[PDB]
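Please note: Cβ atoms are built from the backbone with ideal geometry, for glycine as well, and neighbour counts cover all protein chains shown. Where a number appears in this text, it was derived from the coordinates with a stated rule and is not lab data.
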Amino acid sequence: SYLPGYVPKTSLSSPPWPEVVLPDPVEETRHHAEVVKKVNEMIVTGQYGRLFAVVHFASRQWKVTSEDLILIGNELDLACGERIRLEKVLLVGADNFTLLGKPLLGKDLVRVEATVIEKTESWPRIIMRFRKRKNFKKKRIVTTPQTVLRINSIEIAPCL
Amino acid sequence: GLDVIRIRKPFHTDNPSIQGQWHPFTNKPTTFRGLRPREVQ
Amino acid sequence: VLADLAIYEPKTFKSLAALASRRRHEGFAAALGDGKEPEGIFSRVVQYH
Amino acid sequence: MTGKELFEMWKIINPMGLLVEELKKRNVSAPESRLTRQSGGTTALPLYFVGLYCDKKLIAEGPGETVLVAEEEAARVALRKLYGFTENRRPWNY
Amino acid sequence: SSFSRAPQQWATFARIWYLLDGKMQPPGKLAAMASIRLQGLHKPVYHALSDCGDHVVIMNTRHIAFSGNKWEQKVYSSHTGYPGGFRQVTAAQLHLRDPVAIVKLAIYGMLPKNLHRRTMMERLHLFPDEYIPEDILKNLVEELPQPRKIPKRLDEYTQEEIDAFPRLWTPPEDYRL
Amino acid sequence: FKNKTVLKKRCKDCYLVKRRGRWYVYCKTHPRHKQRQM
Amino acid sequence: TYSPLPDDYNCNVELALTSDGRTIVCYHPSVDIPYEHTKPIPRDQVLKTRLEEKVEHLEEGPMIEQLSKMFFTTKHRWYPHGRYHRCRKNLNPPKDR
RNA sequence: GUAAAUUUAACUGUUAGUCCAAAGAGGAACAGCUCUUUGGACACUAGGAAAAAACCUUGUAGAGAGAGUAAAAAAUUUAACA
Ligand SMILES: [Mg+2]
Ligand SMILES: [Zn+2]
């Protein structure tokens, strides 16, 4: 007995993409709790090494690790050799697991530590404007201030 | 003391990868007995 | 940073691709259902105030 | 010491010999080299991933332009993993 | 990965010998995926100055298929520069003369128009039939999936799907047919 | 044949046939009625 | 029974969401190449075994076409360059990691 | 709603003009034609329409190895008649 809505199996009676069934919500939330608890006990025991992070800083996103260097294109009103905490951590990850913020991770969960090690200027940049047959010719030299930060440590805490 | 010249690549890490740098055979499945395509065995 | 993860962290990029594909399947399921089913685990939006 | 590799600081000659000695003294069967992955092979730019297996279980993998150098690199990777000098190890605490 | 620097670099930048089949495939789709693989645009480590191309071995190029009437419509035009060198051959005539010229020309068109195109075309390998030389066969890795689906003519439908497909109309009993 | 854009039957014996991608008026009894669409 | 991606080439990926729903926890242990998926490793009576040292000197055309056939390039890579480019080349390039 | 306007003082330079949309005039209800009027743009930047003055998008200036966008890719296949 054919259902009122049956189509015979032709080339395009059915969608080309395979049918995808999604798991039921209750079993999926239990599975999420199990996976989160597993990753949490990995964090507790310490089965990780050489964490990396994606950190929002100075309108850019830097993929930093420990013992790293980054060059910020502005002055940071800090003395040299000064230890600061980078906070807007978009991502932290290791081998075998990563943690993803929505869009930012918890400050209790992850810390990034950086150190102002250099306050410098950039090499001179030339701005020249030339429009022809109109005697239009203009030159300028700019030197953008810069700050070199060394990323010291990336630490995570068991809070999932 | 370093030169005020052009700095390529405004970041410097010595350990760029932790999960292993991509090679072509990353994200490629293995085959029974490692057979090449159209191997007569 | 997405290209950086693609080159140097293939497992983190695979996890991101799996998350994106799972969100796609949630979107297709919601559009197909068209009713008031549960919104999905990863289709939830964290609101800020 | 920060940015350098173990066999960049400590030069060795026979990583396969060191590996079989370590596995013998920690009571592990002798490793077997197998061709996990292979590209080219007849050309002037081949690619060989050789895997070192122990009791049918992978312990190391290594790339090379020839089979012998791939096997040597796999031995070095095995030594690294067994000794704790892996690239993704925990960084030094300052 | 804990590789040494030189083996790690070699493993990242090594070349792969992809395999591809003709046999009722459209040469434009063949040429699109072959062009991606020849440029190296399938690699996340791609850069135009990094020479990251791969070898592509296309076989059964004699059995390609054109959608529509392209076998008679499509014209390949060339000019031997002597006055009167203007030659225009249809796609049928070009396929009958050279079994690999159509796929070669399609890939040559889709490759970028710079000085790297000839190097990429040297890494391209085309064979009209099932025969491949032995060294290339021992080089091959990853037969790629075909773009088309080979629409499966009437006589190789098995009886199970034949009688699973329902009957749409009842004919009169006195019709000759 | 005569090249025409509009084809017109001039007899009761003329017939329109589409051959080699073009319409034709063929007449067996009056061969002057042969017309070729262009 | 559902996986967003096939789980047999890089890592066994499992996605999870924390109880507050504020962060996404990914677990991806690497996959290992199976032993059965691998392949086993490839393998004058009276005088010396005199070392077979012949080096035939090919002229430029044959040498370049042999190199081009070997490395799958064109001839233009193998043709030489002038003193202007040779002395413009930087012989002490900068080196990062 | 906004912040400019008039007057007073002192002068230069521009006063050989192009296309587009609209209302017209002359010519052939020709012209990358000529003549007025209203309005744009160009003679200043950038992105698009293939190249590109005049069409479309967009203007106020720098550094960035960040992000959201604007305009932005042509579709069509036709003749049986008792
Ligand atoms: Mg004019
Ligand atoms: Zn007639």
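A few points about this structure:
- Among the residues of segment B:17-34, the ones that are in contact with a strand residue (DSSP E or B) (Cβ under 8 Å, 6 or more places away or on another chain) and either within 16 Å of RNA strand H (Cβ to nearest atom) or more than 9 Å from chain E (Cβ to nearest Cβ) (or both) come to 4 in all.
- Residue check for B:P37: touching a strand residue (DSSP E or B) at 6+ places or on another chain (Cβ under 6 Å) and either within 14 Å of chain E (Cβ to nearest Cβ) or aliphatic (A, V, I, L, M) (or both): yes
- Residue list for segment G:9-22, filter: farther than 17 Å from A:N96 by Cβ and either small (G, A, S) or facing another protein chain (nearest Cβ under 7 Å) (or both): G:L17, G:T18, G:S19, G:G21, G:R22
- Single residue of segment A:26-70 satisfying the filter (facing another protein chain (nearest Cβ under 10 Å) and assigned to a loop (DSSP other than H, G, I, E, B)) that is surrounded by the fewest Cβ atoms within 10 Å (Cβ to Cβ): A:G46
- All positions within segment G:1-19 that are within 19 Å of G:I33 (Cβ to Cβ) and among the aliphatic types (A, V, I, L, M): G:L5, G:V13
- Filter result for E:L115 (part of a loop (DSSP other than H, G, I, E, B) and of a type outside the set (D, E, K, R)): yes
- Subset of chain C [surrounded by fewer than 17 Cβ atoms within 10 Å (Cβ to Cβ), within 14 Å of chain B (Cβ to nearest Cβ) and in contact with a helix residue (DSSP H, G or I) (Cβ under 8 Å, 6 or more places away or on another chain)]: C:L2
- Screening B:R33 with (1) farther than 30 Å from E:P133 by Cα; (2) in contact with a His (Cβ under 8 Å, 6 or more places away or on another chain) gives one miss only, at (1).
- Of all residues assigned to segment E:59-71, none qualifies as being of a type in the set (F, W, Y) and within 21 Å of B:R38 (Cβ to Cβ).
- Segment A:110-147 - residue that is within 10 Å of another protein chain (Cβ to nearest Cβ) and within 14 Å of RNA strand H (Cβ to nearest atom) and, of those, surrounded by the most Cβ atoms within 10 Å (Cβ to Cβ): A:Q146
- From the options E:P171, E:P147, E:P166, residue that is in contact with a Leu (Cβ under 9 Å, 6 or more places away or on another chain) and over 23 Å from E:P27 (Cβ atoms): E:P171
- With respect to the conditions (1) more than 8 Å from every other protein chain (Cβ to nearest Cβ); (2) part of a loop (DSSP other than H, G, I, E, B); (3) of a type in the set (A, V, I, L, M, F, W, C), A:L22 lacks only one, and its number is (1).
- Among the residues of segment A:80-109, the ones that are among the charged types (D, E, K, R), assigned to a loop (DSSP other than H, G, I, E, B) and surrounded by fewer than 16 Cβ atoms within 10 Å (Cβ to Cβ) come to 4 in all.
- A Cβ distance below 8 Å, combined with a sequence gap of six or more or placement on separate chains, defines the contacts here; from segment A:124-146, residues that are under 24 Å from B:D3 (Cα atoms) and polar (S, T, N, Q) reach residues that are near RNA strand H (Cβ under 9 Å from one of its atoms) and in a loop (DSSP other than H, G, I, E, B) in the pairs A:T143/A:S122; A:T144/A:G73; A:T144/A:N74; A:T144/A:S122; A:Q146/A:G73; A:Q146/A:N74; A:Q146/A:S122.
- Residue count, segment G:23-65 (criterion: more than 30 Å from A:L105 (Cβ to Cβ), outside any loop (DSSP other than H, G, I, E, B) and facing another protein chain (nearest Cβ under 7 Å)): 2
- Contact annotation: no residue pair with Cβ atoms under 9 Å, 6 or more positions apart or on different chains, pairs a residue in segment F:3-22 that is farther than 10 Å from F:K34 by Cα with a partner that is among the aromatic types (F, W, Y) and loosely packed, with under 10 Cβ neighbours inside 10 Å.
- A:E87 away from RNA strand H (no atom under 16 Å from the Cβ), out of contact with any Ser or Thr (no Cβ under 7 Å at 6 or more places or on another chain) and away from chain G (no Cβ under 14 Å): yes
- Residue pairs whose Cβ atoms lie under 6 Å apart, sitting 6 or more positions apart in sequence or on different chains, and linking a residue in segment E:37-55 that is within 14 Å of C:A3 (Cβ to Cβ) to a partner that is assigned to a loop (DSSP other than H, G, I, E, B), are E:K43/E:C52; E:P44/B:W22; E:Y46/E:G40; E:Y46/E:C52.
- Some residue of segment D:19-40 being over 28 Å from A:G49 (Cα atoms), out of contact with any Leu (no Cβ under 6 Å at 6 or more places or on another chain) and β-branched (V, I, T): no
- Residues (in a strand (DSSP E or B) and of a type in the set (A, V, I, L, M)) located in segment F:6-38: F:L16, F:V17, F:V25
- E:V89 vs. criteria outside any helix (DSSP H, G or I) and surrounded by 15 or more Cβ atoms within 10 Å (Cβ to Cβ): yes
- Selected residue (only one of B:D3, B:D14 is within 23 Å of the chain's Cα centre (by Cα) and assigned to a loop (DSSP other than H, G, I, E, B)): B:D14
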